[PDB]
Amino acid sequence: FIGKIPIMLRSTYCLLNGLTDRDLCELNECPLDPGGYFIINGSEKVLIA
Amino acid sequence: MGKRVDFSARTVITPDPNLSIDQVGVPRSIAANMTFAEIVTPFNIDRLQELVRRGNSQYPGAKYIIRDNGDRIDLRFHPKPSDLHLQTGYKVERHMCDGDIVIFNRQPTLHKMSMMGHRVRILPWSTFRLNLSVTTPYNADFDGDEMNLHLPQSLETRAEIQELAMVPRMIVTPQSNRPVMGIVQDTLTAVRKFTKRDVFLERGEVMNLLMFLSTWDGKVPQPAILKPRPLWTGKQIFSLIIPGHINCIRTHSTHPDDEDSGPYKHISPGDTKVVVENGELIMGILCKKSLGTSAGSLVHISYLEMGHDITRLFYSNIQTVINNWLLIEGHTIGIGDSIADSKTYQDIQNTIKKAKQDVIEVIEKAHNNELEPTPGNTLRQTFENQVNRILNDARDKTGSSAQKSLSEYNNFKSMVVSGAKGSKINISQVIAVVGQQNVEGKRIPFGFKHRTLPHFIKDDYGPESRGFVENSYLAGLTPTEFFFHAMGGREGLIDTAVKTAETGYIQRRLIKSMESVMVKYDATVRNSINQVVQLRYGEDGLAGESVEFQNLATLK
Amino acid sequence: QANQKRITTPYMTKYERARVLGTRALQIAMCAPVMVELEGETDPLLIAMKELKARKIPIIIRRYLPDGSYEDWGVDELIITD
Amino acid sequence: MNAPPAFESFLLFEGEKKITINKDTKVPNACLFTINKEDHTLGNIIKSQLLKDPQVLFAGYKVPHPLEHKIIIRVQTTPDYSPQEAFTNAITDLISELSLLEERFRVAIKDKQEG
Amino acid sequence: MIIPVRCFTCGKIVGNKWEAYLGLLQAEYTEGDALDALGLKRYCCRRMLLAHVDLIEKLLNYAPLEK
Amino acid sequence: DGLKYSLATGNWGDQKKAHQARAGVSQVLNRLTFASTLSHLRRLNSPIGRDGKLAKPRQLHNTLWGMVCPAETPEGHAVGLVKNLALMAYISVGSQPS
Amino acid sequence: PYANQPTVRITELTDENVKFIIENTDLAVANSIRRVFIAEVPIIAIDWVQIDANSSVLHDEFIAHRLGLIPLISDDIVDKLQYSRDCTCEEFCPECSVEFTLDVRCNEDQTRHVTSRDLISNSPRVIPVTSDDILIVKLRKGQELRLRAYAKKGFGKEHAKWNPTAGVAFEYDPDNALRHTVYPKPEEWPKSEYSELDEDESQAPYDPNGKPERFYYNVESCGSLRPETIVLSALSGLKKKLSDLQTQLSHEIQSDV
Amino acid sequence: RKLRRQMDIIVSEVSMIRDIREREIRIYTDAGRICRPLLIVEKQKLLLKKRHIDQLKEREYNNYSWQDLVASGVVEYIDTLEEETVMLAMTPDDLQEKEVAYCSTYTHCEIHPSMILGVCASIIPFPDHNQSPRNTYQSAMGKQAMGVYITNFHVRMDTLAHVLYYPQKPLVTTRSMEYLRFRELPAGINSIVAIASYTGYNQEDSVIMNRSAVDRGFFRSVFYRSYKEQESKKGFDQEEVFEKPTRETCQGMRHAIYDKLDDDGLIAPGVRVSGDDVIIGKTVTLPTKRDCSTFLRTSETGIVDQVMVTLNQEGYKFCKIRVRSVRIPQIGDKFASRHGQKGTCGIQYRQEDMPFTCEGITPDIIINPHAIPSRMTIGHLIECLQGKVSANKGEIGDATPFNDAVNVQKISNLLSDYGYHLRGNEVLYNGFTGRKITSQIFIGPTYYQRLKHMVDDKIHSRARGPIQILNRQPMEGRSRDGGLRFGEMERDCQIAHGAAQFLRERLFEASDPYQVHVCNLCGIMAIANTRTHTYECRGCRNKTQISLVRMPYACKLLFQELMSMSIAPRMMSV
Amino acid sequence: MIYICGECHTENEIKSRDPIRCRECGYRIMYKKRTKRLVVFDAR
Amino acid sequence: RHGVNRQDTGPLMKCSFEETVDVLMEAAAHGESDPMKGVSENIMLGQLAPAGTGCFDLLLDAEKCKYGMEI
Amino acid sequence: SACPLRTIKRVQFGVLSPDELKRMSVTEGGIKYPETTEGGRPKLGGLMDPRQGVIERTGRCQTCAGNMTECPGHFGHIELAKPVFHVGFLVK
RNA sequence: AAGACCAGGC
DNA sequence: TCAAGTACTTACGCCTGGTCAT
Ligand SMILES: [Zn+2]
Ligand SMILES: [Zn+2]
Ligand SMILES: [Zn+2]
Ligand SMILES: [Zn+2]
Ligand SMILES: [Zn+2]
């Protein structure tokens, strides 16, 4: 173990990858939420190009 | 040199045509928070005792009591009866009430008319409300704009604001010896529509309009038409708004240039021009040239002849009576004002096609080396000059054609001839042609290799490739025209966002250069070191507020 | 300077008017005797205004010239614009 | 936070008189009526009724501020005819018209239903 | 969110017409015909159902706080 | 902590070198509206200074056609500098040129 | 200086709409009658809501606002009821209010539509216009909604919940003879439902001697009051306002003189 | 190109640029290059055939997608410097056809020219009929419009969350809003808008709203505020505990009411909380207890919606309390259409007071006609016309930018088929008097947005409250009960007024007033013991000649800072 | 003090100075079980 | 700054425009004195600036007070 | 408040001589200790010197009636081991 | 407790 | 004396809020 890399939501290594809308609602996640942001200490951070 | 202050309020501003020029609408919460300390006298001891009894809870109440010792009795928290005793010399900090003098500001404060003293009028809801003629001095509009409320805390500063900074006292600026306030927006448009010959009013309509005239003597004037039915004219009612006996001559926007030379000079076939004799609107249709903020306007003459107090009533009465008449006539904007005739559209298309053919001919001359360079210009420079000349002439011709097609009922033309909002170029772009889009004063640059967009071939100097929008806003822009229009408007957005800092820096530099320069008691203008900047202010010793434009009549 | 040879405007300036009005209003609010007969006037600012119209404010305006000299003008000696 | 209560447009609070009669000193036989908690529904109808009176020289109404709830009706009449008398006559006129209209509307409803 | 009662402009009851509108759309009717079948004549009433988005159905996909 | 700090504060670099570190990266995601969230998730930044009065980098270049929205630009000190992606715009993820 | 004698001709009379024409009256009188249709016609509506349980996806004030907009049949007991301000009782009493009870819980997997039919009134006559059903909220399994509501007597001036009518159609001078509106192009304006001119002509010739009369009405009830009762209540309320103003004016005249 | 089209050796990301004049072929595989798909034109024909479209129509249960289209060599990703060498056709059926020849060597075609717009600019109906600054303003404003920002907003404990009561999808929509998910999560209501001058309260940019419509739920919204609090163990014995404080157990205490807290010091949801009420009760053990409770933001007046208890990373007690407040649109709230026409609510009129059509229609919003001519948002007018057509027809209007099949005349002809004037004008009656308005008013359903900017969140008033620790001047910020800044420009303006006393009040009296005792010999401040009356100047042995000087506290701070830099700013009263 | 779990939605009673952990599920996010005291809502 | 700070004005007037600490260091090194005749200088020390309503002085006339009412 | 109220008619600038700084300074011998507190109370000769001003906002200055508002603060000094150039005066 | 940054408003 | 370097500074008004780490 060398560290923890913050995971972008709905990415390949996110837990919401490949989940159906029913599965997403089961986790209280919006199916229309595009993801693409990180959660750091609860706050949602988006990296600007 | 600047700091945060107590007794200050900020909230969004919303219009109120029913307030006076010097009045400001203030929400109850703000007035219940802001307090003015008033020294108790045997004249006001009972009123201030009642205010103390009401306390901080009831709005027309008080928050603190200041004794002669300087100790402050708080009235916000269940005070003890003995501490509510008011003997002469105490200062009770009463809540701000109607008629209180406040300083009203909208940052940035560019000139001294951007921070004027108003008169408090308590109104429901939570916004500051100011009359629409006071919008121009503050450069304000009611889309999320916020203004500051500074409440003077002493009788001396209250009198200072009342005698110096009151809105009616700031009507005419010394900057340009012109009014800063004028009749604007709906009131201006409805004045223009109300001052035409065709406006005949019924008896009840005249009575309702007169109910909104504060300076009315109570005598209903005899109508212009007595038989077969009584009918008052719009000019007849407006003449009752004009203060005193004002003598003024102006011209309407649509005034032809042949009327003064030929006959009907004093009859005005189009009812244009403007004549106000003895405070009576004898003839003419009013617009921004008569009620606007310009030299020699009717409001300017009202200030220069009657004074600030009666000019304030002039403004407010115009606003109220004209809005209430517009309640009958109404004003709108729709698609029908953006639509021209079929013949006008064909004429515009013929003009645009001719312009494009002319540009093609110029391009062919340039490609064949037949373009002789104008002296002082290169071949590319003279080619661009010719192309811009052709395109500008085309857009002017199309704009004239679109303007001539507008009926007297057209609302674009209605707001343009009144001066309330818009110009002939807006009508031309909406109806006829948007026009050439320029970046840095030149046609749309070749961002790509020798082409403006990938959709054009290289070395395409025609109007379409370089940013000439053949379509109008009503017609809608093509994708290339859409992108070129976006590029053109981006420059204006950049200029707007970048001008503020440099202009503010220049203004600060000027103010630091001349902050201590003042007119001394021997009429000499001196700095802080008593060095004579000017022997007489303006070399004539006059203030810039009272001077007017005049002609020598002996020169030339 | 003395009363004679006063070289200044006989008119009361707007700044002088404002400050005299505020000062007199403050004095009235602090129980100063009113020089004019008031008819149901309880606002010290308005009483100061009506004293100004009556040329009754007991204030001398000291106008400092840039050379350090001064001229004392009574409010009644100055002609009010209003 | 400064929202006035919704009943503040028709309810009279303590000490607020419904109608106040004040003479107008500019013109003879002219009066000003201040109606509290009233709006265009009564003001316009009273102004229109007063204009039907040949002895009413002037009849107008206005709301000084829409955010406030008050009506000012200015009535001027001929000599030897008080504006208060004209106001009372106009109100009685309106009540008589409304009663006749209600009776005729009820008769029309009865005629339309099974008739 | 949910079909509003009392159409904003005029005040006609449109809260009882959402399910009927959905059924009429589902079986035969076009939207214009379905609005006429429900008696929604004024376009103020028509835009209430025509422009309505029923987010409450998506909100019912979430489990309640208490079982 | 390096990843968490740089994503949290937005100062892209070492915490001790925050001044030499570029700031403004990793904004807090805007949840005011869904359109706002989409705009924040598709947004480009020009690293040049906002206080700069140079108007050329703020201008809408012809090459932004189909790549950057010609209309969505932060009105204010970031005009032309903060830009947003077009709907069809895609950004290359990289490949080995072997 | 006396009252005009108005006449009424009723053309359409349904359970939802009353279309009638009033002749020989002022425009101000007609417009005031129209305003009272919306503003000053008393009607019973829910104004006091207390919620015991609300597990639905809509918060408490959402469902309270939806409940207040539900019309209730107030045909006859609205006149018997007294305003809660004028009532001697504290809080609410049957002489000033009608109590409502709602208790819905979704136990089945199928969605539960909470409708106005689930509103239960203590009075057999005040019913939420259910002799479809107005949707209050949709309940997933495990979601519950229990509340108590009191229905007060009010008019549309206080709140739009007490507006007894849908869109009140009002019209005078169908063919433009008084020229109260001027058409820049009269030929492109659709002819009114009450137009009496031929297809060839667009507007009637100008009538200088004419005045607004023969006002065309179409009052559409929302079900709280019968559409014919709306006009009766409006006339009675306008007359009541005039009578109260007359009483106070007479008192003022006697006091000041 | 053949390899990239077939995806054999060159992936679609790779860009290949041939500079013919400079004899250079540049191939780029690196990341960061911005590219967009374009159809491929071979000869003068599109490679996109009818079979591709037929296969895509059956995209479900066919395993045919965009990747199949790219792998078939029909579409191609082209970046900017390769777009330099491309010859693009805007539309196929217009630019590849044989006509008066302009270009015959087209190599690519636009999929659709509306794809140049981003997310926020794609919600604009008829953007090509608007002035570009208005499109930019609407693009900025759309991120500020309120709707249902996310479907799981119930589980989200987000600070400053706004949700709309009745979001509606636009009656006039763009073909891109389907891909923007705007129909699912819309921010705005189709409002019957009359562009009219009614009573002057819509003048400038302000709007007049229907009070009756607002009562019926028109543009009602909810504001959610989440408060976070955390127990902690910092000192050896210092700790934080969530509990309901008693009257005398905590050293610090506020005049607020703690009776709403539970045994855990947390208010239960459903409890109506006004300003100054305590949200979370926390105590600090002082090395008895010190109050660290959290209170509401001033004048919120909401109701607790949800309270969450958990453990944070450190395992300590962590609480998030969400307070909901319903915000009825007042006369200070900000509204805008999708065309940059922003404005506040000038006033609200009820249904009887609003102008009404012959059918009883009263506009929900009245906007001034003066906002249109200079700002030239013709797309607003066309949107209103198309919305009027679509509401009566029953369809949703198509306002995709460059259509060439949706003209204003066609919309007018469609409107004329439903008994309305083709230009959208309608005869209105004055609500107050019942009289016809002489000018016919342009009325139709226009999609409007309620912006985050509300008057209650922006209204502030200061009267002698908190001051800064260092400057002793009024605090900064509405949240900190701060005072407005009387800046240098305001000072210059008051100098121009010649208002020396008001200037002194603002810069000396209203802000920090202060007194110091300076020596008379030197100008340096002296030790002044007022109670003992022993005034001494260390440095002159001056106990007799010491003067009292009234100066702003910031000036004393400046002089002390100058003395800290060895400067002697000697204030001389002689 | 009854808390509602956010995962299994069961009611558990915990006191002060007790770690948040739902029985039979082991979930550390709970909710406050809306109060019994009734608040009047104006149907406006 | 080059031109406004070169005028023979007080160091406090200059320190209000674009140099501040440098101007005050120069004044301290050379013993410059500020005559307090400007507007910025008086504003900094919270004194009535010699602007309008501050450029003159008010005196009480005792003779004119000998006409007062409620004394 | 027994001292007469005066207006500043002139501000004389100059450099604080070390002798004047030492005479003016309220700490005797200078600030020798960099610690603010050593036993929970402010140490004399440290950065937080009660002779230098008011602490805790409810206490009183050691040199005057402080009240945390009436106390204008008093100057201390540090006697440098060796002379050090003044950055502001280095060019001069 | 007040700094840094960020976003926004006019 | 000069004049060409090189170091060295200096441009946003007001307002909101949020978050983060000392
Ligand atoms: Zn409707
Ligand atoms: Zn009762
Ligand atoms: Zn000394
Ligand atoms: Zn659990
Ligand atoms: Zn001390």
Side-chain angles (χ1 to χ4, degrees), chain A residues 40-46 48, chain B residues 2 4 8 10-13 105-110 114-115 138-148 496-509, chain F residues 1 4-12 15 18-19 21-32 36 39-40 43 45 49-53 74-78 82, chain H residues 137 140-141 143-144 158-160 205 225-226 228 297 334 342 344 451-454 457-460 466 468-471 475-480 482 484-490 492-493, chain J residues 1-2 17-19 22:
Chain A
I40 292 90
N41 306 337
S43 53
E44 300 172 351
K45 301 316 185 74
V46 49
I48 304 301
Chain B
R4 307 208 167 271
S8 54
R10 185 170 229 253
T11 189
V12 185
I13 52 170
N105 174 31
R106 175 186 177 272
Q107 318 184 352
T109 83
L110 303 179
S114 55
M115 187 155 57
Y138 292 117
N139 196 18
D141 52 357
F142 307 118
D143 50 338
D145 281 17
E146 304 176 16
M147 283 220 202
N148 305 330
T496 292
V498 82
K499 198 120 92 101
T500 59
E502 52 183 4
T503 52
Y505 190 47
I506 295 174
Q507 202 278 341
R508 160 173 165 77
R509 277 146 57 193
Chain F
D1 297 332
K4 185 157 53 60
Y5 165 85
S6 198
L7 296 179
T9 53
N11 297 83
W12 219 249
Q15 183 175 6
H19 321 309
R22 182 177 298 172
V25 204
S26 83
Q27 264 107 324
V28 186
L29 180 65
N30 194 9
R31 286 290 182 177
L32 183 52
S36 189
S39 62
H40 214 174
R43 183 160 296 168
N45 193 311
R50 312 294 168 84
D51 52 354
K53 310 305 181 183
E75 5 164 342
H77 257 340
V82 170
Chain H
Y137 296 155
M141 237 106 60
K143 315 163 198 175
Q144 308 171 187
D158 295 0
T159 66
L160 278 286
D205 298 358
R225 179 110 62 179
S226 296
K228 301 93 175 61
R297 303 297 181 88
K334 206 170 178 291
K342 54 186 178 182
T344 54
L451 305 188
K452 178 186 55 179
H453 305 286
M454 301 185 48
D457 298 327
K458 290 172 169 51
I459 175 179
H460 187 56
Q468 303 187 215
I469 174 64
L470 178 59
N471 304 333
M475 277 285 183
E476 171 177 2
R478 182 180 97 87
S479 55
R480 291 182 287 267
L484 271 47
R485 167 166 176 83
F486 194 89
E488 293 187 332
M489 293 189 298
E490 288 74 9
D492 304 327
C493 169
Chain J
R1 52 184 189 274
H2 320 119
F17 177 61
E18 281 187 21
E19 285 193 13
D22 201 331

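Per chain, numbering begins at 1; letters A, B, ... match sequence-line order. These values consider heavy atoms only, across backbone and side chains, with no hydrogens, waters or symmetry-generated copies.
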Exercise. Salt bridge check: are A:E44 and F:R31 linked by an N-O gap of less than 4.0 Å?
Worked result: yes
Exercise. Hey, can you check M:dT10 for me, is the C1'-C2'-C3'-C4' torsion putting it north or south?
Worked result: south
Exercise. Is any NZ, NE, NH1 or NH2 atom of the basic residue among B:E502 and F:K53 found under 4.0 Å from an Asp or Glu carboxylate oxygen of the other?
Worked result: no
Exercise. With both distances under 3.5 Å as the test, what is the Watson-Crick or G-U wobble partner of M:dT1?
Worked result: none
Seminar exercise, completed: Checking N1-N3 plus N6-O4 or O6-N4 for Watson-Crick, or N1-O2 and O6-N3 for wobble, each under 3.5 Å, the partner of L:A4 is M:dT19
Exercise. Considering heavy-atom distances to RNA chain L, does F:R50 or B:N139 have its closest nucleotide positioned more toward the 5' end?
Worked result: F:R50
For this session: Indicate, with a heavy-atom threshold strictly under 4.0 Å, whether B:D141 touches base, sugar-phosphate, or nothing.
Result: sugar-phosphate
Seminar exercise, completed: M:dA7 -> Watson-Crick or G-U wobble partner, both distances under 3.5 Å, gives none
For this session: Please check the phosphate of M:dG17 (OP1 and OP2 only) for any side-chain N or O of H:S479 closer than 4.0 Å.
Result: yes
For this session: Could you tell me whether H:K342 contacts a base, only the sugar-phosphate backbone, or nothing, with contacts defined as non-hydrogen atoms closer than 4.0 Å?
Result: sugar-phosphate
Problem set entry | Any F:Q15 side-chain N or O less than 4.0 Å from OP1/OP2 of M:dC20 | no
Problem set entry | Spacing of H:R478 atom CZ relative to M:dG18 atom P, expressed in whole Å | 10 Å
Exercise. NA contact type, B:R106, heavy-atom cut-off 4.0 Å: base, sugar-phosphate, or nothing?
Worked result: sugar-phosphate
Exercise. Which part of the nucleic acid does F:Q27 contact within heavy-atom distance under 4.0 Å: base, sugar-phosphate only, or nothing?
Worked result: sugar-phosphate
Exercise. Quick one: is A:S43 getting a side-chain N or O under 4.0 Å of the M:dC20 phosphate, OP1 or OP2?
Worked result: yes
Exercise. What's the closest nucleotide to the F:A23 side chain, out of M:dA21, L:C5, L:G9?
Worked result: L:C5
Seminar exercise, completed: The furanose of M:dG18, with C1'-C2'-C3'-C4' positive read as north and negative as south, falls south
Problem set entry | Side-chain N or O of F:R22 closer than 4.0 Å to phosphate OP1/OP2 of L:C6 | no
For this session: Return no unless some side-chain N or O of B:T109 is found under 4.0 Å from OP1 or OP2 of M:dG13.
Result: no
For this session: Please confirm whether the backbone N or O of A:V46 pairs with a side-chain atom of F:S26, one donor and one acceptor, at under 3.5 Å?
Result: no
Problem set entry | Any donor-acceptor N/O pair, B:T109 side chain to H:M489 backbone, under 3.5 Å | yes
Problem set entry | Nearest-nucleotide 5' precedence on DNA chain M, A:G42 against B:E146 | B:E146
Problem set entry | Min side-chain heavy-atom separation H:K143-F:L32 under 4.5 Å | no
Seminar exercise, completed: Going by torsion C1'-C2'-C3'-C4' being positive (north) or negative (south), M:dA11 has its sugar north
Exercise. Within the pair H:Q144 and L:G9, is there a side-chain N or O less than 4.0 Å away from OP1 or OP2?
Worked result: yes
